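Asks: once you've seen the sequence and the experimental structure below, I've got questions.
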Amino acid sequence: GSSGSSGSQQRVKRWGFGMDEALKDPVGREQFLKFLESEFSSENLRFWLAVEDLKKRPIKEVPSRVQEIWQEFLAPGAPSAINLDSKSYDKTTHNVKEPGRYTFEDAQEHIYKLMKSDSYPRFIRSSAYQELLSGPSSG
């Protein structure tokens, strides 16, 4: 919804519970991400989201993206080039062959199970997250 209501500090806290919540809210998604980019970890998340949306994309932009997403993080010469286990990575590489909607479903799990307690955790440790709670502004 375009419109909202008063009460951001309370909302933020939600994200301090687990990536899950952070994702639900729009601001929490970008906020939590920001910190990632800094630690050059965003790649993990960036890829995740790409998947959730991937399916959303039309059949015309379904396949075209498949390879793309895999060429962004699931690629060797890529910027967000992520890293996955052997058993997992192997399965993915094979799935890629045929572009679909849940082709990268497997990976989504591995990463998700990671970022959840991989990056999210730090977010709480750092202050960037606290900022919102208090109020990131002059005063």
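Replies: In hand now; what should we look at? Numbers count the residues shown, from 1 in each chain.
Asks: tell me the SS of the residue nearest the centre of the chain?
Replies: Per C-alpha atoms, centre = their mean, the C-alpha nearest to the average position across the chain is that of residue 45, at 2.4 Å. Recorded secondary structure, residue 45: helix (DSSP: H, G, I helix; E, B strand; the rest coil).
Asks: quick check: it touching residue 35?
Replies: No - when contacts are counted by C-beta atoms under 8 Å, residue 45 is not listed as touching residue 35 (10.1 Å). Just so you know, the C-beta spots here come from the backbone N, C-alpha and C atoms, and that holds for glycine as well.
Asks: shared neighbours of the two, anything?
Replies: residue 119 (C-beta atoms under 8 Å, 6 or more residues apart in numbering).
Asks: helix or strand for the closest residue to residue 48 other than its chain neighbours, which one?
Replies: Leaving aside its sequence neighbours, residue 48 sits nearest to residue 111 (C-beta to C-beta, 6 or more residues apart in numbering; 5.5 Å). Per DSSP states H and E: residue 111 is located in helix 105-118.
Asks: go on, residue 89?
Replies: Assigned by DSSP H and E, residue 89 falls in helix 86-96.
Asks: how far does that helix sit from the chain's center?
Replies: 20 Å (C-alpha atoms, centre = their mean, to the nearest Å).
Asks: could you say what helices and strands it packs with?
Replies: Here helix 86-96 touches helix 62-72, helix 105-118, going by 3 or more C-beta pairs under 8 Å, 6 or more residues apart in numbering; DSSP states H and E.
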